[PDB]
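Shown next: upload-v9.txt, given as compact mmCIF, C-alpha atoms and all ligand atoms.
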# COMPACT_ATOMS: atom_id res chain seq x y z
CA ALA A 1 61.15 -63.02 -33.21
CA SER A 2 59.51 -59.61 -32.69
CA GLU A 3 61.72 -58.64 -29.75
CA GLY A 4 65.29 -57.41 -29.77
CA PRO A 5 67.30 -56.42 -26.68
CA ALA A 6 65.78 -54.05 -24.13
CA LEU A 7 68.23 -52.52 -21.67
CA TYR A 8 67.85 -52.79 -17.94
CA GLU A 9 70.42 -51.63 -15.43
CA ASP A 10 69.31 -52.17 -11.84
CA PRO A 11 69.93 -48.89 -9.94
CA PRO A 12 72.67 -48.69 -7.26
CA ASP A 13 71.90 -50.23 -3.85
CA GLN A 14 70.09 -47.77 -1.59
CA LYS A 15 71.23 -48.98 1.84
CA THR A 16 69.56 -46.35 4.04
CA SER A 17 65.86 -45.84 4.76
CA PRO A 18 63.85 -42.59 4.37
CA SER A 19 64.72 -41.88 8.04
CA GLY A 20 68.45 -42.24 7.27
CA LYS A 21 68.58 -45.54 9.15
CA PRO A 22 71.08 -48.00 7.62
CA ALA A 23 69.80 -51.38 6.48
CA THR A 24 70.00 -53.95 9.28
CA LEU A 25 68.65 -56.88 7.28
CA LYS A 26 69.50 -58.15 3.82
CA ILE A 27 67.38 -60.95 2.37
CA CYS A 28 68.22 -62.66 -0.93
CA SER A 29 65.61 -64.81 -2.69
CA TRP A 30 66.31 -67.09 -5.67
CA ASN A 31 64.57 -69.75 -7.70
CA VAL A 32 67.57 -72.02 -8.28
CA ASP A 33 66.04 -74.47 -10.80
CA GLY A 34 67.41 -77.41 -8.79
CA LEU A 35 69.98 -77.09 -6.03
CA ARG A 36 72.56 -79.41 -7.62
CA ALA A 37 72.22 -77.86 -11.08
CA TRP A 38 72.57 -74.41 -9.48
CA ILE A 39 75.72 -75.35 -7.56
CA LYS A 40 77.25 -76.72 -10.80
CA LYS A 41 76.39 -73.42 -12.51
CA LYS A 42 78.31 -71.48 -9.81
CA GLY A 43 75.19 -70.24 -7.98
CA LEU A 44 77.04 -70.16 -4.66
CA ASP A 45 79.44 -67.56 -6.12
CA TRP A 46 76.68 -64.96 -6.04
CA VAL A 47 75.58 -65.93 -2.54
CA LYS A 48 79.13 -65.35 -1.27
CA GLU A 49 79.34 -61.97 -3.05
CA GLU A 50 75.90 -60.91 -1.78
CA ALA A 51 76.52 -62.05 1.82
CA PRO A 52 72.84 -61.85 2.84
CA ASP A 53 71.58 -62.29 6.41
CA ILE A 54 68.86 -64.59 5.06
CA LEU A 55 68.81 -66.62 1.85
CA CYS A 56 65.54 -68.03 0.52
CA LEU A 57 65.68 -70.65 -2.23
CA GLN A 58 62.89 -71.99 -4.39
CA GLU A 59 62.65 -75.07 -6.60
CA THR A 60 65.46 -76.84 -4.70
CA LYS A 61 64.25 -80.27 -5.95
CA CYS A 62 65.78 -81.63 -2.74
CA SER A 63 64.63 -82.94 0.65
CA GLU A 64 66.49 -82.17 3.91
CA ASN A 65 67.72 -85.78 3.72
CA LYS A 66 69.41 -85.49 0.31
CA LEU A 67 71.13 -82.08 0.40
CA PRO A 68 74.43 -81.45 -1.41
CA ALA A 69 77.53 -81.12 0.80
CA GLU A 70 78.46 -77.75 -0.78
CA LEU A 71 75.82 -75.96 1.34
CA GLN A 72 78.35 -76.23 4.18
CA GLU A 73 80.38 -73.61 2.25
CA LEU A 74 77.97 -71.03 3.71
CA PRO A 75 79.10 -70.90 7.36
CA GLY A 76 77.57 -67.42 7.82
CA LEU A 77 74.15 -68.96 7.11
CA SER A 78 74.40 -71.87 9.55
CA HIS A 79 70.68 -72.19 10.35
CA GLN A 80 69.18 -74.04 7.44
CA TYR A 81 65.58 -75.19 6.94
CA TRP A 82 64.16 -77.20 4.05
CA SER A 83 60.78 -78.24 2.81
CA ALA A 84 60.16 -80.79 0.09
CA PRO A 85 57.19 -82.76 -1.32
CA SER A 86 55.72 -85.37 1.07
CA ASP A 87 56.24 -88.15 -1.51
CA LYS A 88 60.01 -87.65 -1.00
CA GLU A 89 60.98 -86.95 -4.63
CA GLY A 90 63.09 -84.44 -6.60
CA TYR A 91 60.75 -81.57 -7.50
CA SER A 92 59.47 -78.25 -6.10
CA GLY A 93 61.06 -77.64 -2.66
CA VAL A 94 62.07 -74.50 -0.77
CA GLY A 95 64.93 -73.57 1.56
CA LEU A 96 65.62 -70.86 4.11
CA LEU A 97 69.16 -70.23 5.35
CA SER A 98 69.76 -67.69 8.08
CA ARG A 99 72.55 -66.06 10.09
CA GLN A 100 70.34 -66.25 13.21
CA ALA A 101 67.82 -68.96 14.15
CA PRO A 102 64.18 -67.86 13.80
CA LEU A 103 61.98 -68.01 16.91
CA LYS A 104 59.89 -70.60 15.05
CA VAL A 105 59.96 -72.37 11.70
CA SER A 106 56.85 -73.93 10.18
CA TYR A 107 56.15 -75.58 6.81
CA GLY A 108 53.09 -75.19 4.60
CA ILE A 109 49.98 -73.03 4.94
CA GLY A 110 47.88 -75.06 7.42
CA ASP A 111 45.83 -76.78 4.71
CA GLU A 112 46.42 -80.46 3.84
CA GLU A 113 45.42 -80.05 0.16
CA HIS A 114 48.13 -77.43 -0.35
CA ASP A 115 50.89 -78.73 1.93
CA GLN A 116 52.06 -81.82 0.02
CA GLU A 117 54.50 -80.22 -2.43
CA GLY A 118 57.09 -78.49 -0.20
CA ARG A 119 56.23 -74.96 -1.26
CA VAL A 120 56.26 -72.77 1.87
CA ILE A 121 58.53 -72.00 4.84
CA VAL A 122 57.39 -69.63 7.58
CA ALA A 123 60.14 -68.18 9.78
CA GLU A 124 59.11 -66.00 12.70
CA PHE A 125 61.61 -63.47 14.01
CA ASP A 126 61.37 -60.86 16.81
CA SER A 127 59.92 -57.95 14.80
CA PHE A 128 58.55 -59.66 11.68
CA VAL A 129 57.52 -62.93 10.04
CA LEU A 130 59.21 -64.13 6.85
CA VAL A 131 57.45 -66.42 4.39
CA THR A 132 59.15 -67.86 1.33
CA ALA A 133 57.08 -69.56 -1.33
CA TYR A 134 57.28 -71.45 -4.60
CA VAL A 135 53.75 -70.90 -5.90
CA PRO A 136 52.24 -73.67 -8.09
CA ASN A 137 52.60 -73.01 -11.82
CA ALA A 138 49.35 -73.01 -13.83
CA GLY A 139 50.98 -75.56 -16.16
CA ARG A 140 51.28 -76.19 -19.89
CA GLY A 141 47.85 -75.76 -21.48
CA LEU A 142 46.67 -74.29 -18.13
CA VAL A 143 45.84 -77.80 -16.86
CA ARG A 144 46.69 -76.69 -13.30
CA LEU A 145 44.91 -73.30 -13.38
CA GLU A 146 41.86 -74.44 -11.41
CA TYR A 147 44.17 -75.74 -8.69
CA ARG A 148 46.23 -72.53 -8.76
CA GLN A 149 43.07 -70.50 -8.06
CA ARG A 150 42.36 -72.69 -5.01
CA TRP A 151 45.97 -72.24 -3.91
CA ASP A 152 45.76 -68.48 -4.30
CA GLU A 153 42.68 -68.25 -2.05
CA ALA A 154 44.11 -70.51 0.66
CA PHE A 155 47.47 -68.73 0.58
CA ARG A 156 45.87 -65.27 0.82
CA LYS A 157 43.76 -66.30 3.82
CA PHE A 158 46.80 -67.85 5.50
CA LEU A 159 48.96 -64.73 5.01
CA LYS A 160 46.22 -62.39 6.24
CA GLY A 161 46.21 -64.47 9.45
CA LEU A 162 49.98 -64.13 9.92
CA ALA A 163 49.92 -60.37 9.21
CA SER A 164 47.30 -59.90 11.95
CA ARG A 165 49.96 -60.84 14.53
CA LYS A 166 53.28 -59.55 13.15
CA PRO A 167 54.48 -57.52 10.11
CA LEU A 168 55.00 -59.81 7.13
CA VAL A 169 57.66 -60.17 4.44
CA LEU A 170 56.69 -62.58 1.66
CA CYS A 171 59.32 -63.53 -0.87
CA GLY A 172 59.88 -65.99 -3.65
CA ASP A 173 58.68 -67.16 -7.02
CA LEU A 174 55.02 -66.25 -7.08
CA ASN A 175 54.60 -67.54 -10.65
CA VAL A 176 52.80 -64.48 -11.97
CA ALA A 177 53.76 -61.26 -13.72
CA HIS A 178 51.28 -58.86 -12.09
CA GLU A 179 50.94 -56.17 -14.75
CA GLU A 180 51.92 -55.65 -18.41
CA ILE A 181 55.06 -53.81 -17.25
CA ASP A 182 56.12 -57.07 -15.51
CA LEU A 183 56.87 -59.01 -18.71
CA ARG A 184 58.35 -58.33 -22.13
CA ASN A 185 55.45 -59.76 -24.15
CA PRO A 186 52.07 -59.18 -22.44
CA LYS A 187 50.16 -59.30 -25.75
CA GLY A 188 51.18 -62.90 -26.55
CA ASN A 189 51.09 -64.39 -23.04
CA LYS A 190 47.54 -63.68 -21.79
CA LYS A 191 46.61 -67.36 -22.27
CA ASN A 192 49.91 -68.68 -20.85
CA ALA A 193 50.82 -69.72 -17.30
CA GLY A 194 52.06 -66.69 -15.36
CA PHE A 195 50.01 -64.06 -17.17
CA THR A 196 46.44 -65.37 -17.17
CA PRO A 197 43.85 -62.85 -15.98
CA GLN A 198 43.04 -65.32 -13.13
CA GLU A 199 46.64 -65.31 -11.87
CA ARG A 200 47.04 -61.53 -12.20
CA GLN A 201 43.75 -60.98 -10.39
CA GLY A 202 44.89 -63.36 -7.64
CA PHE A 203 48.04 -61.29 -7.13
CA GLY A 204 45.93 -58.12 -7.02
CA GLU A 205 43.63 -59.80 -4.47
CA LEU A 206 46.65 -60.69 -2.31
CA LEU A 207 47.95 -57.11 -2.24
CA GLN A 208 44.52 -55.75 -1.29
CA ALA A 209 43.44 -58.37 1.26
CA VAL A 210 46.47 -58.82 3.51
CA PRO A 211 47.40 -56.04 2.68
CA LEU A 212 50.84 -56.19 1.03
CA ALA A 213 52.96 -53.82 -1.05
CA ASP A 214 55.14 -54.91 -3.98
CA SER A 215 58.50 -53.56 -2.75
CA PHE A 216 60.12 -53.22 -6.18
CA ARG A 217 57.11 -51.61 -7.85
CA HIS A 218 56.58 -49.30 -4.84
CA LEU A 219 60.08 -47.88 -5.35
CA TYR A 220 60.17 -48.06 -9.15
CA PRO A 221 56.52 -47.66 -10.26
CA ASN A 222 57.30 -46.70 -13.86
CA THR A 223 60.42 -48.78 -14.58
CA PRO A 224 60.08 -51.20 -17.52
CA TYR A 225 62.14 -54.22 -18.63
CA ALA A 226 62.90 -55.32 -15.05
CA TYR A 227 62.56 -59.10 -15.04
CA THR A 228 63.67 -62.02 -12.87
CA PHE A 229 63.04 -64.99 -15.18
CA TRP A 230 63.93 -65.75 -18.80
CA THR A 231 63.23 -69.00 -20.60
CA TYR A 232 66.39 -71.02 -21.32
CA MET A 233 65.20 -71.21 -24.94
CA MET A 234 65.87 -68.91 -27.89
CA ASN A 235 68.37 -66.30 -26.58
CA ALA A 236 65.67 -64.97 -24.24
CA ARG A 237 68.03 -63.78 -21.50
CA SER A 238 70.44 -62.11 -23.96
CA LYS A 239 67.50 -60.20 -25.48
CA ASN A 240 65.95 -59.52 -22.05
CA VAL A 241 62.69 -61.18 -23.07
CA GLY A 242 61.66 -61.96 -19.52
CA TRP A 243 59.08 -61.97 -16.75
CA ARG A 244 59.11 -60.55 -13.25
CA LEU A 245 57.97 -63.60 -11.25
CA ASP A 246 60.00 -63.06 -8.09
CA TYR A 247 58.90 -60.56 -5.44
CA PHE A 248 59.33 -59.18 -1.95
CA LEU A 249 55.86 -58.25 -0.70
CA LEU A 250 55.73 -56.27 2.56
CA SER A 251 53.16 -55.27 5.17
CA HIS A 252 52.42 -51.54 4.81
CA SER A 253 53.84 -51.04 8.31
CA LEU A 254 57.27 -52.08 6.96
CA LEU A 255 57.37 -49.48 4.17
CA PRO A 256 59.18 -46.89 6.36
CA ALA A 257 61.88 -49.57 6.89
CA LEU A 258 62.25 -50.23 3.15
CA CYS A 259 65.67 -49.21 1.83
CA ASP A 260 65.73 -50.97 -1.55
CA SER A 261 64.48 -53.95 -3.54
CA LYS A 262 67.05 -55.21 -6.04
CA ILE A 263 67.13 -57.41 -9.11
CA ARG A 264 70.52 -59.06 -9.60
CA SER A 265 70.14 -59.36 -13.36
CA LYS A 266 73.65 -60.54 -14.22
CA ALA A 267 73.97 -63.26 -11.56
CA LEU A 268 74.09 -66.68 -13.21
CA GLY A 269 73.10 -70.14 -11.94
CA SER A 270 69.45 -70.51 -12.96
CA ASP A 271 66.76 -69.34 -15.41
CA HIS A 272 65.83 -66.87 -12.66
CA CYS A 273 68.10 -64.24 -11.20
CA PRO A 274 68.33 -63.40 -7.48
CA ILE A 275 66.33 -60.59 -5.91
CA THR A 276 67.57 -58.79 -2.78
CA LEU A 277 65.77 -56.76 -0.12
CA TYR A 278 67.31 -54.20 2.24
CA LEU A 279 65.30 -53.35 5.38
CA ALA A 280 66.14 -51.02 8.25
CA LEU A 281 64.55 -52.99 11.10
MG MG B 301 62.85 -74.47 -13.17

Please express the file's structure as structure tokens.
Amino acid sequence: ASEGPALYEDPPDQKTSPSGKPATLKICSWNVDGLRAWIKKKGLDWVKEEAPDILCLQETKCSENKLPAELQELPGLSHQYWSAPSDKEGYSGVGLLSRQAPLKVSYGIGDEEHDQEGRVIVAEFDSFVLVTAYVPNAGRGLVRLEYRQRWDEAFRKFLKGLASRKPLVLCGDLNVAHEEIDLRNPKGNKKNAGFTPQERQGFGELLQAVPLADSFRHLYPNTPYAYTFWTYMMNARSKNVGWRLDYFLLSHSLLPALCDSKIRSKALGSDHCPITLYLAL
């Protein structure tokens, strides 16, 4: 009620690095709010336009055994990997679709407590490791906040381990708006999932410990009203009353390869929009 529209126009795609090196890798990440729902809402139209080298999907609500046939309409992303909850049901779930097969694909974070909900794919390539995640939400009434804190610690420790061997790119729906600039209404959301001090602090801990840089915020440190999620309710997207929940976090060693980190605000299909990373690897 207190918010009207706030403008955001994502800047043009910067496709060369500081060294002048053209981008060699384009990664698109997207919380699809259910793979079938997303397909019905023309989600694949953006994927075809974007033509990424790697597509990471969160909240697929689908196991590798029950995938929709339409995913065959992406022949340029022929190597497809899927994780889903162990109970074999339609919730959570992540996907990674790639032009080239990774050297190795793994699922989860090496901890039984945290590996039952199909939340993480690890894809190792020659020069870097890619992780895509759908981080557990703290829940309505914060009923899952204690668990989320345990998740955060385990995930941080796991990523620090990976980064000790190869440069890391982490992408996906991290279910937190880091700072006040990362959501439209910080004042009214400090007791809500995604903007609790515990969640924000966890994100800060992750950046420091691994370490990782927030690609978007690194490039655009002072840019407001840049969001990746809007509630389906109450004209939130039309008013740009949103949250930045979706990130590409990078090892510091990859910052010289960083060309751009995009937010595809106008792309429909979900309550999140896609985000896209350009790297000159
Ligand atoms: Mg959803």

Give me, as JSON lines, each residue of region 123-239 of chain A that comes within 8 Å of region 110-118 of chain A, together with its shortest interatomic pair and the distance in Å at one decimal, counting only C-alpha atoms, with rows ordered by chain and rising residue number.
{"residue": "A:151", "atom": "CA", "partner": "A:114", "partner_atom": "CA", "distance": 6.7}
{"residue": "A:154", "atom": "CA", "partner": "A:111", "partner_atom": "CA", "distance": 7.7}
{"residue": "A:158", "atom": "CA", "partner": "A:110", "partner_atom": "CA", "distance": 7.5}

Worksheet item: With all atoms listed in the file as the basis for distance, which of A:271, A:96, A:77, A:10 is at the shortest distance from residue 216 (chain A)?
Response: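 With all atoms listed in the file as the atom set, the closest residue is A:10.
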
Can you pull out every residue within 12 Å of residue 2 (chain A), counting only C-alpha atoms, but drop anything in the same chain fewer than 2 positions away, and send it as a PDB file with C-alpha atoms, in the frame of the given file?
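Result written to around00.pdb:
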ATOM      1  CA  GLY A   4      65.290 -57.410 -29.770  1.00  0.00           C
ATOM      2  CA  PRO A   5      67.300 -56.420 -26.680  1.00  0.00           C
ATOM      3  CA  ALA A   6      65.780 -54.050 -24.130  1.00  0.00           C
ATOM      4  CA  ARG A 184      58.350 -58.330 -22.130  1.00  0.00           C
ATOM      5  CA  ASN A 185      55.450 -59.760 -24.150  1.00  0.00           C
ATOM      6  CA  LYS A 187      50.160 -59.300 -25.750  1.00  0.00           C
ATOM      7  CA  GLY A 188      51.180 -62.900 -26.550  1.00  0.00           C
ATOM      8  CA  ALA A 236      65.670 -64.970 -24.240  1.00  0.00           C
ATOM      9  CA  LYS A 239      67.500 -60.200 -25.480  1.00  0.00           C
ATOM     10  CA  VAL A 241      62.690 -61.180 -23.070  1.00  0.00           C
TER      11      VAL A 241
END

Skipping near chain neighbours, those fewer than 3 positions away, what residues fall within 10 Å of residue 33 (chain A) using all atoms listed in the file, listed as a PyMOL selection string? chain A and resi 30+36-38+57-61+91-92+269-272

Same residues, C-alpha atoms, saved as a PDB file, in the coordinates of the input:
ATOM      1  CA  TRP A  30      66.310 -67.090  -5.670  1.00  0.00           C
ATOM      2  CA  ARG A  36      72.560 -79.410  -7.620  1.00  0.00           C
ATOM      3  CA  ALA A  37      72.220 -77.860 -11.080  1.00  0.00           C
ATOM      4  CA  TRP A  38      72.570 -74.410  -9.480  1.00  0.00           C
ATOM      5  CA  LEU A  57      65.680 -70.650  -2.230  1.00  0.00           C
ATOM      6  CA  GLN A  58      62.890 -71.990  -4.390  1.00  0.00           C
ATOM      7  CA  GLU A  59      62.650 -75.070  -6.600  1.00  0.00           C
ATOM      8  CA  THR A  60      65.460 -76.840  -4.700  1.00  0.00           C
ATOM      9  CA  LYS A  61      64.250 -80.270  -5.950  1.00  0.00           C
ATOM     10  CA  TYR A  91      60.750 -81.570  -7.500  1.00  0.00           C
ATOM     11  CA  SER A  92      59.470 -78.250  -6.100  1.00  0.00           C
ATOM     12  CA  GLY A 269      73.100 -70.140 -11.940  1.00  0.00           C
ATOM     13  CA  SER A 270      69.450 -70.510 -12.960  1.00  0.00           C
ATOM     14  CA  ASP A 271      66.760 -69.340 -15.410  1.00  0.00           C
ATOM     15  CA  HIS A 272      65.830 -66.870 -12.660  1.00  0.00           C
TER      16      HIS A 272
END

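As for CA of residue 47 (chain A) and CA of residue 82 (chain A), they are spaced 17.3 Å apart.
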
Problem set entry | Counting all atoms listed in the file, the residue of A:279, A:209, A:273, A:263 that sits nearest ligand MG 301 (chain B) |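 Of the candidates, the smallest distance to ligand MG 301 (chain B) is held by A:273.
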
Of A:268, A:212, A:250, A:74, the one sitting nearest residue 229 (chain A) when using only C-alpha atoms is A:268

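Excluding residue 244 (chain A) itself and same-chain residues fewer than 3 positions from it, the residues having an atom within 10 Å of it are residues 173, 174, 175, 176, 177, 178, 179, 181, 182, 183, 184, 194, 225, 226, 227, 228, 229, 230, 247, 263, 272 and 273 of chain A, counting only C-alpha atoms.
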
Next item on the list: Up to 7 Å from (58.0, -64.6, 6.5) in the file's coordinates: name the residues, counting only C-alpha atoms, as a ChimeraX atom specification.
Entry: /A:122-124,129-132,168-170

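Closest to ligand MG 301 (chain B) among A:136, A:28, A:127, A:214 is A:136, based on only C-alpha atoms and all ligand atoms.
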
Counting only C-alpha atoms, what is within 10 Å of region 205-207 of chain A, bar same-chain residues fewer than 6 positions away, as a CSV table (one decimal) with C-alpha atoms, in the frame of the given file?
chain,number,residue,atom,x,y,z
A,152,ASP,CA,45.8,-68.5,-4.3
A,153,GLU,CA,42.7,-68.2,-2.0
A,155,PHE,CA,47.5,-68.7,0.6
A,156,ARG,CA,45.9,-65.3,0.8
A,157,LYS,CA,43.8,-66.3,3.8
A,159,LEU,CA,49.0,-64.7,5.0
A,160,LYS,CA,46.2,-62.4,6.2
A,199,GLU,CA,46.6,-65.3,-11.9
A,213,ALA,CA,53.0,-53.8,-1.0
A,214,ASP,CA,55.1,-54.9,-4.0
A,249,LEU,CA,55.9,-58.2,-0.7
A,250,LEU,CA,55.7,-56.3,2.6
A,251,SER,CA,53.2,-55.3,5.2

re CA of residue 18 (chain A) and CA of residue 281 (chain A): distance 12.4 Å

Residues near residue 276 (chain A), cut-off 7 Å, all atoms listed in the file, skip fewer than 3 positions along chain, as a CSV table (one decimal) with C-alpha atoms, in the coordinates of the input:
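Once everything was written out, this is out30.csv:
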chain,number,residue,atom,x,y,z
A,26,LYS,CA,69.5,-58.2,3.8
A,27,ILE,CA,67.4,-61.0,2.4
A,28,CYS,CA,68.2,-62.7,-0.9
A,29,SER,CA,65.6,-64.8,-2.7
A,261,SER,CA,64.5,-54.0,-3.5
A,262,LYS,CA,67.0,-55.2,-6.0
A,263,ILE,CA,67.1,-57.4,-9.1

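Interatomic distance, CA of residue 99 (chain A) against CA of residue 52 (chain A): 8.4 Å.
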
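Closest to residue 107 (chain A) among A:217, A:15, A:237, A:119 is A:119, based on only C-alpha atoms.
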
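Distances here use all atoms listed in the file; by that measure, the residue among A:147, A:134, A:203, A:278 closest to ligand MG 301 (chain B) is A:134.
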
Box for region 261-275 of chain A - axis-aligned, 3 Å on each of the six sides, all listed atoms - centre and size in Å to one decimal, as AutoDock Vina command-line options.
--center_x 69.3 --center_y -62.2 --center_z -9.5 --size_x 15.6 --size_y 22.6 --size_z 17.9
